[PDB]
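Here is the structure we will look at, set down as structure tokens.
Hydrogens, waters and symmetry mates play no part in the numbers below; they use all other heavy atoms, side chains included. Naming: A, B, ... by sequence-line order, numbering from 1 per chain.
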Protein chains: 2
Amino acid sequence: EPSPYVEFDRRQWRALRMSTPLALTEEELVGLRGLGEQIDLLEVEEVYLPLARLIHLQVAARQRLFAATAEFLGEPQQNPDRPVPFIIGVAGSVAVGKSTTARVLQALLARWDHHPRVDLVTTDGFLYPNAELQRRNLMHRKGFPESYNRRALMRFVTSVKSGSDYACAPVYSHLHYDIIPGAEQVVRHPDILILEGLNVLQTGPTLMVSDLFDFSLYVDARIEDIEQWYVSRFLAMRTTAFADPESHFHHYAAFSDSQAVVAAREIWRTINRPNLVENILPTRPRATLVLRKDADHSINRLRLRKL
Amino acid sequence: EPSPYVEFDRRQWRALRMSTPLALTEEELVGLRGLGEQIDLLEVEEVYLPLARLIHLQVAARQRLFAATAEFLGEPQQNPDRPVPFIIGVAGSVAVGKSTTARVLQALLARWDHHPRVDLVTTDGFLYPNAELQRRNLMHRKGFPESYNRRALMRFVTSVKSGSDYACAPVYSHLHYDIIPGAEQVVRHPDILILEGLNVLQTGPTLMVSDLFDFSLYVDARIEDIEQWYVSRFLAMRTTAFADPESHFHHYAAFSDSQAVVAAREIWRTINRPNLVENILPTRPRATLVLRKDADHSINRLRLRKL
Ligand SMILES: CC(C)(CO)[C@H](O)C(=O)NCCCO
Ligand SMILES: CC(C)(CO)[C@H](O)C(=O)NCCCO
Ligand code: NA
Ligand code: NA
Ligand code: NA
Ligand code: NA
């Protein structure tokens, strides 16, 4: 029967790359990928290039219908480029590779002829401070929708897409596990803004940032493989991030493989799995494009929304 | 601060009419309006004409971005006109005038040069049969989201927008208060499809018809005035619809003004008000355009979504 989606295997999807030129070195790609991730230039060629093409086709088009409303409203046509910013949402579970996906994507789009100003903002900066989470009793629901200042977030994206010259976002420290006092990420009328986070695709009784997305990605994989990736990476960090004496999780650095597995498995089932099942996965149906990864992190399937 | 919306008063909105020609007689308009409604040609000139213009500007534009995805996919350009159907959602409370709004709109759009095939479908046809509602114990939640076969509904709209040649919808009898056995409304690849219903703008954990709307209307008024309109019309029907011996509500025809008011007030607070507050109003933020009516049914304010 009819469907709003059209599935692709990697063979079918890579052919849609066309002439899209690869503007990324092997060394540039590594400073973009996170611990555990297996993304290489082949994947950036057979997957991210078609995606970048599809995106560029729609930036021009998306611009046409904001112009229709401008024409209808008896309005000018504000400086070119200073068209309406194209907002892209990248969602998915913790440890699924979505932040790398978002970084790679910002890289590819920034290297487009025109030379678009492409900004990337993670929702981390929009988490409530630990003190405020403690107050609302949310220190163990960090990542759940309620642990974010969604008002501020919505104001931020609304501000950018409405044409503001500059919008500020708080900044989150992973080293300190908390929001950084005084820190701000300033976004200045970018041509494209990618917003990456766990629940960005969420919907509700009020207008949310998902309602401002012109395009969205949902990096998917089966729950069991993601837990494995999460646990694996938790263990690997004992010698990277947790090794830092200043790390809020420095006590984990000394855990044994077995002790670390138990700890990582517990956080997964008490925080990350529940959030994935209750809040993140239910948003997957609305994503313009879903990137399905196999147990080895390899993106071998895609689901696109034609309707 | 920045906003996704831009408010208008009738003076500001009527000026956006431009050259839009009025193709509707006074007599045509009456066979389109419901009991109690006060819509006249002036309102169709100062309100529905700008709306029809704005809509036409976007049908062309909306077409551009379905073409981008076609271009990207290495596809042809299917027969012209046989472009992708433009889906319009019209929501709002029972008795707010939304069905008239939808009928007037279908009329105005059908009379556009090209001569678009403009179909209108009410979600009534998608209510579960009384027998099935009795089974799920829903005979008094008729109108609530759960009293509708949303799967079938979604399949219907998906079918039409995906390019099907014909799609069928069940038919609801207001005379008999139930779905009509064997009846079907056949929709054949229209250029525009207007879907009118209480919860059409609803959102959820699955892709819904609201996600297929290219444009949506939400006819609004303050809850107190709508109850008044509902009650008033309930009383007026004693001599129109309830007067019919075959009417499922023929017992109401003999009620006294006071008896009828008590009955109408009870249905309003036990079914229609709760549904309006819990399910319909929460969808209002997402409507492309909101038509705000004053206590006298007069549309004197509009809220448009620019973002
Ligand atoms: C969502 C995020 C990862 C943001 O940093 C948050 O810190 C979190 O998930 N806390 C519980 C442990 C997850 O590793
Ligand atoms: C929603 C609809 C009006 C559809 O006909 C439904 O019959 C209903 O609202 N029943 C309760 C009484 C409302 O008058
Ligand atoms: Na990382
Ligand atoms: Na903000
Ligand atoms: Na009517
Ligand atoms: Na159906």
Side-chain angles (χ1 to χ4, degrees), chain A residues 1-6 8 15-16 18 50-51 53-63 65-74 84 87 154-164 167 203-208 210-212 214 278 281-286 288 304-307, chain B residues 1-6 8 15-16 18 50-51 53-63 65-74 84 87 154-164 167 203-208 210-212 214 278 281-286 288 304-307:
Chain A
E1 54 160 315
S3 160
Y5 320 102
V6 57
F8 300 82
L16 269 35
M18 261 29 153
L51 165 61
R53 179 188 165 223
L54 163 56
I55 286 190
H56 279 114
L57 288 175
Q58 294 193 16
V59 182
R62 205 69 188 191
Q63 268 169 55
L65 67 86
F66 274 101
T69 295
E71 179 172 345
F72 164 71
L73 291 192
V84 180
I87 319 302
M154 184 54 186
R155 280 191 245 104
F156 173 76
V157 182
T158 289
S159 169
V160 172
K161 191 163 181 175
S162 75
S164 82
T203 190
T206 193
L207 201 63
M208 298 170 83
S210 71
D211 294 294
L212 304 186
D214 302 298
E278 304 168 10
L281 268 167
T283 67
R284 184 225 263 149
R286 286 193 292 280
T288 307
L304 174 81
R305 258 190 76 179
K306 54 179 174 214
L307 288 184
Chain B
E1 54 160 315
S3 160
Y5 320 102
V6 57
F8 300 82
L16 269 35
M18 261 29 153
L51 165 61
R53 179 188 165 223
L54 163 56
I55 286 190
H56 279 114
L57 288 175
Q58 294 193 16
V59 182
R62 205 69 188 191
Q63 268 169 55
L65 67 86
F66 274 101
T69 295
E71 179 172 345
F72 164 71
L73 291 192
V84 180
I87 319 302
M154 184 54 186
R155 280 191 245 104
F156 173 76
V157 182
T158 289
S159 169
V160 172
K161 191 163 181 175
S162 75
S164 82
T203 190
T206 193
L207 201 63
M208 298 170 83
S210 71
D211 294 294
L212 304 186
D214 302 298
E278 304 168 10
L281 268 167
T283 67
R284 184 225 263 149
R286 286 193 292 280
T288 307
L304 174 81
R305 258 190 76 179
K306 54 179 174 214
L307 288 184

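With a threshold of 4.5 angstrom between heavy atoms, A:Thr283 does not approach chain B through any atom at all. Of the atoms belonging to A:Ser164, not a single heavy atom falls under 4.5 Å from chain B. Within the 4.5 angstrom heavy-atom criterion, no atom of A:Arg284 approaches chain B. Neither the backbone nor the side chain of B:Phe156 comes within less than 4.5 Å of any heavy atom in chain A.
When side chains are defined from C-beta on, A:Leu16 counts as touching B:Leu73, because their heavy atoms get closer than 4.5 Å. Under the 4.5 Å side-chain criterion, counting only non-hydrogen atoms from C-beta, B:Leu307 is not in contact with A:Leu207.
Summarising the geometry of A:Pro205 relative to B:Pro285, their closest heavy-atom pair is O-CG, 3.7 Å, with the distance given to 0.1 Å. Nearest heavy atom pair, residue B:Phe72 against residue A:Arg53, reads O-NH1, 2.9 Å.
Of the listed residues B:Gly74, B:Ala15, B:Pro4, the one with more heavy-atom pairs under 4.5 angstrom with chain A than any other is B:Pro4. If you tally non-hydrogen atom pairs under 4.5 Å between each of B:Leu54, B:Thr158, B:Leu304 and chain A, the highest count goes to B:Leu54.
Residues meeting the side chain to side chain donor-acceptor pair (under 3.5 Å) test with B:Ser162, sequence neighbours left out: none. Residues satisfying the salt bridge (charged side-chain N to carboxylate O under 4.0 Å, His left out) test with A:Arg305, not counting sequence neighbours, are none.
Judged by distance alone, with hydrogens and angles left aside, the side-chain atoms of A:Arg286 form a donor-acceptor pair with the main-chain N or O of B:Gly204 at under 3.5 Å.
Note that CG of A:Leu65 is 10.0 Å distant from CG of B:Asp214, once rounded to the nearest 0.5 Å. Rounding to the nearest 0.5 Å gives a distance of 11.0 Å between CD of B:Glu71 and CD of A:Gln58.
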